[PDB]
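Have a look at the structure below before the remarks.
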Amino acid sequence: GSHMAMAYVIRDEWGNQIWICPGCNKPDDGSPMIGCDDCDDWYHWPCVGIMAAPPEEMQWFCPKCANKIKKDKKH
Amino acid sequence: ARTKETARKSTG
Ligand SMILES: *NCCc1c[nH]c2ccc(O)cc12
Ligand SMILES: [Zn+2]
Ligand SMILES: [Zn+2]
C-alpha cells in the first residue's frame, strides 16, 4: 500500500498509545520526543538532531517538513 | 515545537 503504516501510533498490552518515530521506525521507550509543527507527530530527538527541549514558542519542523520549505533542486 | 520527556523512570 501507499502507507507503510496506517498511523505511527500503535497500542500496547496496556492499551496505551505507543508512538512510532517516522524516522528510524522505532517506538517511544519513554524518551524525549519532539512534535513537529507540521506533522504534529512525535519524532525522536537524536534522529532529528535534538539534544534537549527547545523553546516551545519557537516553531520547528522535522527534517522532512523543514526540507519541504527550503526545497532541493530535485535530487 | 512541542516537546515531552516521558523518562519518568530515570533520575535525570
Ligand atoms: N528529558 C531530559 C533528560 C533526558 C532523558 N533522556 C534523554 C535522551 C535524550 C536527551 O536529549 C535528553 C534526555
Ligand atoms: Zn527515532
Ligand atoms: Zn514534520
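Structure notes:
- Sequentially through segment A:23-33, phi angles give Karplus couplings (6.51, -1.76, 1.60; θ = phi - 60°) of x, 8, 6, 10, x, 7, 9, x, 10, x, 9 Hz, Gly and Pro residues having no value and appearing as x.
- Unpaired by the 4.7 Å Cβ criterion, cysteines found in chain A: A:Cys21, A:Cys24, A:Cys47, A:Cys65
- What you get for chain A, charging only the Cβ of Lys and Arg (+1) and of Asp and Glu (-1), is a dipole of about 620 debye around the Cα centre.
- Anisotropy class of chain A from Cα gyration tensor, a/c 1.5 cut: oblate
FYI, it's all coordinate maths here, none of it is from the lab. Using ideal geometry, Cβ is built from the backbone for each residue, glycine included, and neighbour counts are taken over all protein chains shown.
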